[PDB]
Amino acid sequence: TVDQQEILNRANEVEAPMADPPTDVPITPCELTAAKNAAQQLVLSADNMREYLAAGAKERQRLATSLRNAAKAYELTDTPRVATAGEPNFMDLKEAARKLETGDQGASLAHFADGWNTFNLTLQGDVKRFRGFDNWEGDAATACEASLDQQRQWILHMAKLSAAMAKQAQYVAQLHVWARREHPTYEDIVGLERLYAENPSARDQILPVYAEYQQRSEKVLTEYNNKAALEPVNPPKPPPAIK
């Protein structure tokens, strides 16, 4: 069975443009190191992701141009992992609050998460391009179905990873929000410092309040280190097309 015209149609179909990924760069929600690294981690992950998708397109162009062969006759590497200090660094109260309160507080991450999620949803419905044939059979035809089907699966993995990377982002965004809610404010630290600095006989009982302020802080910083240490997003290579 040879439908000549069906080959040509499906070639054009397979190498027509797909969705452009987002070009938004994430920015640290604040000045704590853990936050900064998390944002670094995500620039690598996303850069690598965008590269692998450009390679995919190149490989879909080869598959297409190879289908037209048939009709007629009838560098990439892993994502780097960013280092993460094993010990927090329990800096003095006032500075922890200063660092935590300075930055966009997650707006970039949220916008980043947003755009990668939309990519995942829009990409996972452009797969009709990789379906089987109707009027083309035998070794030649069936082999090409395997090659289309391969990249169909790759696409769905890449779409899953987009969604995974976007989850990391908004997870840190809300992790930060937790941290602000839980950490003593600059204002209140200064305020408590002032209450000490003016009620001199009371200072004996002001002490264990200030102690619990430090404990509260350590607890936050510890949990920020750990939970903000993201995994790299390591896309698998686009599979070879066909000749």
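One-based numbering along the sequence shown.
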Self-check item: Gap size, residue 75 back to residue 74 (deposited sequence, no coordinates)
Solution: 10 or more
Practice problem: Going by the average Cα B-factor in the PDB entry, point out whether 107-115 or 87-95 comes out higher. | Solution: 87-95
Practice problem: Using only the Cα atoms and their B-factors as the entry lists them, report which of 51-59 and 201-209 averages higher. | Solution: 201-209
Quiz item: Of the options 140, 159, 173, 82, which has the highest CA B factor as deposited?
Solution: 140
Quiz item: Considering only 30, 179, 42, 67, which residue's Cα atom bears the greatest B-factor as recorded?
Solution: 67
Exercise. Could you look up the Cα B-factor of residue 223 in the entry and say which third of the chain it sits in: lowest, middle or highest?
Key: middle
Quiz item: Taking the C-alpha B-factors as the PDB entry records them, is residue 24 in the lowest, middle or highest third of its chain?
Solution: highest
Practice problem: Sort the modelled residues of this chain by their C-alpha B factor and say whether residue 150 lands in the lowest, middle or highest third. | Solution: middle
Quiz item: Taking the C-alpha B-factors as the PDB entry records them, is residue 123 in the lowest, middle or highest third of its chain?
Solution: middle
Self-check item: residue 13 CA temperature factor, ranked by third within the chain
Solution: middle
